[PDB]
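S.K.: Have a look at this one.
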Amino acid sequence: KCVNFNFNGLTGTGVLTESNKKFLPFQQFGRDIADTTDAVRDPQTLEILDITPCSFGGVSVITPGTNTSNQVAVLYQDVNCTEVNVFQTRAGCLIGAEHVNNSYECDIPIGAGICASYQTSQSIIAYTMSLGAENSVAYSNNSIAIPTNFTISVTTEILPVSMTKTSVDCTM
Amino acid sequence: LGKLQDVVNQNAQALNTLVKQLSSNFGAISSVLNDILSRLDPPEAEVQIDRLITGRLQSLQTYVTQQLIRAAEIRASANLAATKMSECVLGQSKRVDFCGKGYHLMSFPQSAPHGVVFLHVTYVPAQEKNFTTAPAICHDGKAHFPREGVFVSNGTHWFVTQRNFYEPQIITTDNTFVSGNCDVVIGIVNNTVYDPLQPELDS
Amino acid sequence: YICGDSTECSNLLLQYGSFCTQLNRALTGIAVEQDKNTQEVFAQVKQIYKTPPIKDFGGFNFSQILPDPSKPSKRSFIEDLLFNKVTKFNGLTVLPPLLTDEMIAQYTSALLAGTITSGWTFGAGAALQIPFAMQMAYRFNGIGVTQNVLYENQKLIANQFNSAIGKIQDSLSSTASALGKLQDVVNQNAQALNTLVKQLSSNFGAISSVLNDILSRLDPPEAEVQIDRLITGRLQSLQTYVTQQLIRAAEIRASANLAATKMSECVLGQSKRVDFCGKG
Amino acid sequence: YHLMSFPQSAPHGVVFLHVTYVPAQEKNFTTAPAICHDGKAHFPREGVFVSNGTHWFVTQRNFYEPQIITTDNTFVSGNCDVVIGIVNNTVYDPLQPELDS
Ligand SMILES: *[C@@H]1O[C@H](CO)[C@@H](O[C@@H]2O[C@H](CO)[C@@H](O)[C@H](O)[C@H]2NC(C)=O)[C@H](O)[C@H]1NC(C)=O
Ligand SMILES: *[C@@H]1O[C@H](CO)[C@@H](O[C@@H]2O[C@H](CO)[C@@H](O)[C@H](O)[C@H]2NC(C)=O)[C@H](O)[C@H]1NC(C)=O
Ligand SMILES: *[C@@H]1O[C@H](CO)[C@@H](O[C@@H]2O[C@H](CO)[C@@H](O)[C@H](O)[C@H]2NC(C)=O)[C@H](O)[C@H]1NC(C)=O
Ligand SMILES: *[C@@H]1O[C@H](CO)[C@@H](O[C@@H]2O[C@H](CO)[C@@H](O)[C@H](O)[C@H]2NC(C)=O)[C@H](O)[C@H]1NC(C)=O
Ligand SMILES: *[C@@H]1O[C@H](CO)[C@@H](O[C@@H]2O[C@H](CO)[C@@H](O)[C@H](O)[C@H]2NC(C)=O)[C@H](O)[C@H]1NC(C)=O
Ligand SMILES: *[C@@H]1O[C@H](CO)[C@@H](O)[C@H](O)[C@H]1NC(C)=O
Ligand SMILES: *[C@@H]1O[C@H](CO)[C@@H](O)[C@H](O)[C@H]1NC(C)=O
Ligand SMILES: *[C@@H]1O[C@H](CO)[C@@H](O)[C@H](O)[C@H]1NC(C)=O
Ligand SMILES: *[C@@H]1O[C@H](CO)[C@@H](O)[C@H](O)[C@H]1NC(C)=O
Ligand SMILES: *[C@@H]1O[C@H](CO)[C@@H](O)[C@H](O)[C@H]1NC(C)=O
Ligand SMILES: *[C@@H]1O[C@H](CO)[C@@H](O)[C@H](O)[C@H]1NC(C)=O
Ligand SMILES: *[C@@H]1O[C@H](CO)[C@@H](O)[C@H](O)[C@H]1NC(C)=O
Ligand SMILES: *[C@@H]1O[C@H](CO)[C@@H](O)[C@H](O)[C@H]1NC(C)=O
Numbered sequence: 001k002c003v004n005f006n007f008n009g010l011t012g013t014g015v016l017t018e019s020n021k022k023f024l025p026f027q028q029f030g031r032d033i034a035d036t037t038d039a040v041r042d043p044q045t046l047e048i049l050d051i052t053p054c055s056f057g058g059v060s061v062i063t064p065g066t067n068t069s070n071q072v073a074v075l076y077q078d079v080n081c082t083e084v085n086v087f088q089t090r091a092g093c094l095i096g097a098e099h100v101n102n103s104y105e106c107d108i109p110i111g112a113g114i115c116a117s118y119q120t121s122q123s124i125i126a127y128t129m130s131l132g133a134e135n136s137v138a139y140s141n142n143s144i145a146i147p148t149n150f151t152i153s154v155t156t157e158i159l160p161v162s163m164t165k166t167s168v169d170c171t172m
Numbered sequence: 173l174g175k176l177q178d179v180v181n182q183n184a185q186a187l188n189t190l191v192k193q194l195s196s197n198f199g200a201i202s203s204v205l206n207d208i209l210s211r212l213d214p215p216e217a218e219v220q221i222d223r224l225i226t227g228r229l230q231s232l233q234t235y236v237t238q239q240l241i242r243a244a245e246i247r248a249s250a251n252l253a254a255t256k257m258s259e260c261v262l263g264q265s266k267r268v269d270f271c272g273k274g275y276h277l278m279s280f281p282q283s284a285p286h287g288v289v290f291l292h293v294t295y296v297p298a299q300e301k302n303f304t305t306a307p308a309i310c311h312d313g314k315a316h317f318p319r320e321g322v323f324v325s326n327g328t329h330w331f332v333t334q335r336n337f338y339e340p341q342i343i344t345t346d347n348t349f350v351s352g353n354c355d356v357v358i359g360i361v362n363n364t365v366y367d368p369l370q371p372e373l374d375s
Numbered sequence: 376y377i378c379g380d381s382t383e384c385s386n387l388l389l390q391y392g393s394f395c396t397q398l399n400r401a402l403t404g405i406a407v408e409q410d411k412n413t414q415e416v417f418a419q420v421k422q423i424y425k426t427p428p429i430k431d432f433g434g435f436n437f438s439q440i441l442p443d444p445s446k447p448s449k450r451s452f453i454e455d456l457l458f459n460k461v462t463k464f465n466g467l468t469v470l471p472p473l474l475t476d477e478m479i480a481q482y483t484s485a486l487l488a489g490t491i492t493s494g495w496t497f498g499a500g501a502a503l504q505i506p507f508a509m510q511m512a513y514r515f516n517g518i519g520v521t522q523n524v525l526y527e528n529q530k531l532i533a534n535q536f537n538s539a540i541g542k543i544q545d546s547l548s549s550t551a552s553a554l555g556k557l558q559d560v561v562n563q564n565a566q567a568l569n570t571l572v573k574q575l576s577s578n579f580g581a582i583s584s585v586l587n588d589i590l591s592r593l594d595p596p597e598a599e600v601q602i603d604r605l606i607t608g609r610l611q612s613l614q615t616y617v618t619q620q621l622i623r624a625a626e627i628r629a630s631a632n633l634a635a636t637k638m639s640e641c642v643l644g645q646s647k648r649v650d651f652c653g654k655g
Numbered sequence: 656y657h658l659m660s661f662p663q664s665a666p667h668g669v670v671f672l673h674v675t676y677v678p679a680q681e682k683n684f685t686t687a688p689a690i691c692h693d694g695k696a697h698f699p700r701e702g703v704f705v706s707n708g709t710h711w712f713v714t715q716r717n718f719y720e721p722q723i724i725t726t727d728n729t730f731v732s733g734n735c736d737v738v739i740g741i742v743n744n745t746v747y748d749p750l751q752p753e754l755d756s
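Here it is, written out as structure tokens:
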């Protein structure tokens with residue numbers, strides 16, 4: 001259970017657990033690569049405890065535009081919903097969105113194949129994103145599709161070239 | 173305009189952050205430099221001012237470093253743009269999906285604030301028909317092949333046609349070249365091929 | 376990372392002004408542009424094309440590079456080899472990619488299923504079915520080899536392609552250094568993270584590098600002095616890490632733009648650029 | 656229009672001597688998209704149709720080299736009416752004098 005602790009003046013916060021780490025009789029503490037204490041021998045009962053982080057993760061608020069709705073959904077990144085409508089993703093615990101079996105194109109991306117959209121009384125749905133419509137190309141060893149007609153597109157592409165010529169007298 | 177407008181936004185946000193950082197006190201007693209100087213004699217003021225210098229200089233080094241990396245992005249985009257100017261405006265790009273989706277035709281540059289816009293005119297094919305097709309076509313033992321384009325049939329009759337637009341041309345030694353004989357060609361089809369010369373000599 | 380779970384430290388990081396928010400922004404732009412890189416590279420195809428049941432490509436054998444339905448995640452054989460060869464608690468995290476590796480493999484399979492069944496055409500129009508023997512006769516024509524040199528050699532070319540695919544499997548199985556590029560990108564990122572973490576062990580002149588030591592030993596008037604050094608050093612390390620990552624992200628973006636260009640010109644097309652798409 | 660390049664080394668660099676064709680002595684000509692003969696619009700296979708004024712020629716695009724227009728420099732399509740800016744001419748038959756001979 002997540003607790004504050006103090007062993008002999010070593011303070012910290014974490015989920016203490018029983019551990020398999022075989023300390024030798026002279027050792028009192030074990031350390032992470034970060035120099036933070038990773039395990040301890042309790043000073044009244046000489047068992048070895050892991051010390052592990054109280055769970056954390058970024059609070060990614062999914063929202064349609066305020067020029068549309070004030071309804072919102074929260075991806076708590078990485079965490080399991082047991083620690084926090086509610087849904088679980090490989091990206092984290094997702095709250096206030098509604099999971100949907102149908103696969104739409106990605107609106108707001110959430111991660112690990114999940115995307116969200118505002119849809120039908122409406123709600124924020126979250127779904128496994130469509131990678132576009134699935135299509136059997138009608139291949140056969142003697143079949144060809146030849147276009148009988150065209151469209152002259154005017155696809156428009158919009159490249160940066162300069163950027164605004166700032167300068168700063170660092171003295172000033 | 174999301175690209176150019178985001179470049180403007182990014183630069184303005186970088187400046188606005190650099191500007192806000194003048195107000196951040198970096199552990200000095202105040203962030204108004206003239207306030208420190210009007211509060212304190214140099215024995216004291218120099219420590220406070222040196223914290224502000226260290227902070228502001230570090231913030232400036234940060235901003236300039238961000239601007240150098242961003243200038244490298246912008247310059248890579250400018251070289252990309254200059255290449256679309258050179259290959260698509262001044263020329264035609266043979267390079268698939270470089271100048272717009274579809275086969276490229278031409279581009280018209282339109283200036284835009286701190287960027288360029290290209291109107292990439294592109295041919296895109298859009299109404300298919302399915303056809304029976306063959307790699308090559310036997311005439312009398314000789315395997316004929318299309319010079320440009322493809323062989324196809326509606327069902328009862330074989331035609332050569334361009335790759336990129338259906339145009340059934342009757343098959344003739346004008347549009348076909350011979351190679352070897354039938355046997356080596358997996359999937360060859362019979363037909364006949366027109367002799368475009370003999371009916372003139374006959375007439 | 377700079378102040379983990381100390382309010383006493385987290386206050387002092389606000390006197391250093393906007394820095395944390397723009398570091399988070401910089402790493403967010405890096406993170407977002409990895410999804411952008413991934414979609415610019417792979418998502419060049421608007422529909423998931425899929426292959427037929429019957430694989431009669433004139434003698435060519437893509438079975439090693441197409442997915443196999445036997446797989447738990449539908450990678451190909453060679454994607455499985457590549458995935459076998461190639462190889463944290465301190466406010467550091469790794470966000471997932473937007474596309475899962477199954478989505479990536481479904482896209483590489485779409486690109487590949489287009490490339491097999493439809494030539495370049497799925498880059499321009501809708502994907503047009505075309506027989507694979509006939510597609511290669513165009514690709515011979517597209518390097519000035521008059522295309523009877525394909526069909527009059529069809530079996531021989533099929534066996535050479537098939538065998539050369541087999542040599543890739545053997546090279547990839549035996550030679551772990553072949554993936555040296557990707558393994559170096561992974562190694563560099565891991566080394567940079569291990570360095571970033573190891574800098575938490577460094578005093579920077581403070582009486583310990585573990586922040587709770589200072590706060591358990593010292594009252595605030597003293598501790599502010601010591602914690603300013605840990606803030607300064609950790610922050611300078613974080614700026615260093617983020618700056619290395621921004622420059623590395625530009626290098627990866629250039630590699631992504633290069634990959635996207637080979638995807639466009641050589642998967643979705645055939646490229647006339649000499650030595651751009653392999654020697655030959 | 657690029658031809659070839661020679662690399663030459665230089666201190667911390669490279670120098671390329673890019674041999675390029677550049678055209679440089681223009682002549683103006685009357686031109687057309689296509690040429691009507693007997694109902695058919697003939698088009699140039701490669702090059703453009705031009706005339707000095709009174710005689711029509713096909714020439715490759717990047718170096719004025721007048722070629723007399725025949726069935727062999729040209730391809731048919733359709734018939735005249737659809738083509739904006741078509742012009743009349745004759746187009747020579749390289750078989751006809753051999754067939755008469
Ligand atoms: C395939 O195309 C050919 C040529 O366009 C079609 O043949 C012509 O059919 C009309 C009658 O429908 C006749 O007046 C022409 O004389 C035919 N031309 C020749 C060369 O025979 C044919 O009908 C098409 N077949 C199918 C199954 O679509
Ligand atoms: C193409 O047509 C030829 C005839 O012009 C076919 O050849 C005949 O095939 C049968 C069966 O093998 C033989 O009994 C005859 O002796 C062959 N005749 C000649 C003159 O070779 C040929 O099979 C056809 N091939 C295809 C692919 O359609
Ligand atoms: C396509 O290639 C694969 C291997 O690249 C061939 O699969 C082998 O086929 C034999 C029987 O012919 C089996 O004993 C092997 O176990 C298969 N190997 C693997 C790894 O599955 C396949 O036969 C080839 N198919 C064609 C039509 O060429
Ligand atoms: C256009 O070019 C043609 C061919 O060079 C010129 O016709 C020749 O003119 C010379 C005298 O100037 C005659 O000796 C030839 O017999 C002509 N050849 C033919 C095929 O008729 C023509 O004069 C040129 N016209 C202009 C206006 O430049
Ligand atoms: C190309 O030449 C043909 C004749 O060889 C021209 O056709 C004649 O044009 C006049 C005026 O329009 C009509 O009164 C005749 O009835 C047409 N005859 C035929 C057979 O169509 C044609 O106009 C010429 N083209 C141009 C652009 O002048
Ligand atoms: C803790 O106290 C108990 C008696 O209350 C004693 O038996 C035990 O040995 C002590 N722990 C250690 C580490 O000696
Ligand atoms: C934003 O709201 C205005 C009305 O307040 C409306 O005209 C506009 O179409 C909306 N735009 C979007 C993207 O919803
Ligand atoms: C979520 O957490 C619980 C403990 O709270 C654990 O038993 C469960 O297996 C976890 N589920 C997943 C999929 O991680
Ligand atoms: C998803 O599909 C299953 C059937 O496969 C259905 O029972 C379930 O209720 C659906 N869930 C949602 C949230 O739509
Ligand atoms: C071509 O014909 C096949 C027949 O099975 C059909 O499945 C396919 O959809 C057709 N394609 C087009 C573009 O009409
Ligand atoms: C096409 O495939 C079928 C079996 O799927 C086979 O019978 C036929 O001979 C093949 N034809 C060509 C032209 O490859
Ligand atoms: C072409 O002819 C026109 C006649 O008005 C003239 O303006 C133009 O300069 C000429 N160009 C050349 C290269 O002779
Ligand atoms: C060229 O343009 C003029 C008007 O600018 C028009 O009167 C003339 O008929 C056109 N000629 C051709 C051959 O298109």
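Residue numbers (this note's numbering), protein chains in the order written: chain A, 1 to 172; chain B, 173 to 375; chain C, 376 to 655; chain D, 656 to 756.
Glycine included, C-beta positions come from ideal geometry on N, C-alpha and C.
#1: Measuring straight from C-alpha to C-alpha, what distance separates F651 (chain C) and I491 (chain C)?
#2: Are the CB atoms of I110 (chain A) and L159 (chain A) nearer to each other than 7 angstroms?
#3: I'd like to check one pair, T82 (chain A) with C54 (chain A): are the Cβ atoms closer than 7 angstroms?
#4: Assuming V322 (chain B) and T304 (chain B) are in contact, meaning their beta carbons sit under 8 angstroms apart, how far apart are those beta carbons, in whole angstroms?
#5: What residues sit near ligand 1, counting only those whose C-beta is closer than 6 angstroms to one of its heavy atoms, in chain order?
#6: Counting only Cβ pairs nearer than 8 angstroms, list the residues of chain C close to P147 (chain A).
#7: Can you check whether the C-beta of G272 (chain B) is within less than 7 angstroms of a C-beta belonging to chain F?
#8: For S123 (chain A), which beta-bridge partners are listed by DSSP?
#9: Going along chain A, which residues have a C-beta under 7 angstroms from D431 (chain C)?
#10: Are the CB atoms of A126 (chain A) and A116 (chain A) nearer to each other than 7 angstroms?
#11: Would you call the segment 583–595 of chain C and the segment 352–360 of chain B in contact, with 3 or more CB pairs under 8 angstroms?
#12: Mark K256 (chain B) as exposed unless 16 or more other C-beta atoms lie within 10 angstroms of its C-beta, in which case mark it buried.
#13: In this structure, what does DSSP give as the bridge partners for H276 (chain B)?
#14: Using a Cβ-Cβ cut-off of less than 8 angstroms, list which residues of the segment 741–756 of chain D approach chain B; keep chain order.
#15: Give the residues of chain B in contact with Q535 (chain C), contact being defined as C-beta atoms less than 9 angstroms apart.
#16: Identify every run of the beta strand (DSSP E) within the segment 121–164 of chain A, keeping only runs that are complete inside it and at least 3 residues long; order them along the chain.
#17: So with CB distances below 7 angstroms, who are the chain A contacts of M478 (chain C)?
#18: Is any non-hydrogen atom of ligand 11 found closer than 6 angstroms to the C-beta of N362 (chain B), if you look at the structure I gave you?
#19: Give a single yes or no on whether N717 (chain D) has its beta carbon closer than 6 angstroms to a heavy atom of ligand 12.
#20: Should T164 (chain A) go down as buried or exposed, given a rule of 16 or more other Cβ atoms within 10 Å for buried?
#21: By DSSP, does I309 (chain B) sit in helix, in strand, or in coil?
#22: Would you give the residue range spanned by the alpha helix (DSSP H) that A73 (chain A) belongs to?
#23: For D50 (chain A), collect the residues of the same chain with a Cβ closer than 6 angstroms to its Cβ; drop the 5 residues on either side in sequence, then sort them by chain order.
#24: If you check the beta carbons only, do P340 (chain B) and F331 (chain B) fall under 7 angstroms apart?
#25: So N302 (chain B) is in the beta strand (DSSP E); what residue range does that whole segment cover?
#26: Per the contact definition of three or more C-beta pairs closer than 8 angstroms, is the segment 263–278 of chain B in contact with the segment 307–320 of chain B?
#27: Would you mind working out which of D:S756, D:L750, D:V746, D:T675 sits nearest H710 (chain D), comparing C-alpha positions?
#28: Considering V236 (chain B), what are the terminal residues of the beta strand (DSSP E) in which it resides?
M.R.: Reading off the structure:
#1: 21 angstroms
#2: no
#3: no
#4: Rounded to the nearest angstrom, the Cβ distance from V322 (chain B) to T304 (chain B) is 12 angstroms, too far for a contact under 8 angstroms.
#5: B:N326, B:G327, B:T328, B:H329
#6: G500, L503
#7: Within the model displayed, chain F is absent; protein chains A, B, C and D are what it includes.
#8: According to DSSP, which records beta bridges pairwise, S123 (chain A) is partnered with A:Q119.
#9: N141
#10: Cβ atoms of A126 (chain A) and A116 (chain A): closer than 7 angstroms.
#11: no
#12: Under this definition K256 (chain B) is a buried residue.
#13: According to DSSP, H276 (chain B) bridges with B:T294.
#14: Against chain B - using a Cβ distance shorter than 8 angstroms - the residues of the segment 741–756 of chain D are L750, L754.
#15: Going along chain B, no residue has its Cβ under 9 angstroms from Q535 (chain C), so there is no contact; the nearest lies around 16 angstroms.
#16: Runs found: 123–128, 134–136, 143–147, 150–153, 156–160.
#17: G113, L131
#18: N362 (chain B) Cβ: outside cutoff for every heavy atom of ligand 11.
#19: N717 (chain D) Cβ: outside cutoff for every heavy atom of ligand 12.
#20: exposed
#21: strand
#22: Judged by DSSP secondary structure, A73 (chain A) falls outside any alpha helix (DSSP H) and instead within the beta strand (DSSP E) spanning 73–77.
#23: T17, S19, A39
#24: With a cutoff of 7 angstroms on beta-carbon distance, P340 (chain B) and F331 (chain B) are scored as near each other.
#25: 300–304
#26: no
#27: D:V746
#28: Per DSSP, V236 (chain B) belongs to no beta strand (DSSP E); it is in the alpha helix (DSSP H), 214–256.
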